[PDB]
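Shown next, in structure tokens, is the structure this report addresses.
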Amino acid sequence: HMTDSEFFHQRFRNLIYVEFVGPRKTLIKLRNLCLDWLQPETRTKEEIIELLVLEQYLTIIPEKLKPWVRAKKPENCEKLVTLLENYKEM
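Note that PDB author numbering has the sequence shown beginning at 1, numbered continuously upward.
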């Protein structure tokens with residue numbers, strides 16, 4: 001159903017290793033966070049791969065374009081590519 005999956009993406013990426021918690025509990029947490037981000041029960045392996053490609057692409061955007069790309073929120077790669085095909089001379 002509708003969720004803030006990006007909240008979980010950020011938590012997954014920003015979780016820190018806390019010695020008091022230790023390795024097994026840290027694995028459990030990471031797994032829960034990644035599943036609440038990617039919701040594999042709703043998506044195919046192919047769709048998941050596309051999300052990972054999008055995640056990486058968003059990080060490598062030239063810095064001068066990042067505010068623009070994010071104001072726009074392209075929700076998939078194709079979008080992002082057609083957008084950068086028309087946003088660049090900045």
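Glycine included, every Cβ here is placed at the ideal spot set by N, Cα and C.
- In this structure, the beta-carbon distance from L65 to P74 does not fall below 8 Å.
- With fewer than 16 other CB atoms across the displayed protein chains lying within 10 angstroms of its CB, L15 is exposed.
- Annotated as proximal: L33 and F12, with beta-carbon spacing under 8 Å.
- For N14, the three-state secondary structure derived from DSSP is helix.
- For secondary structure counted as the alpha helix (DSSP H) over 4 or more consecutive residues, the segment 19 to 76 holds these complete runs in sequence order: 23 to 38, 45 to 60 and 66 to 72.
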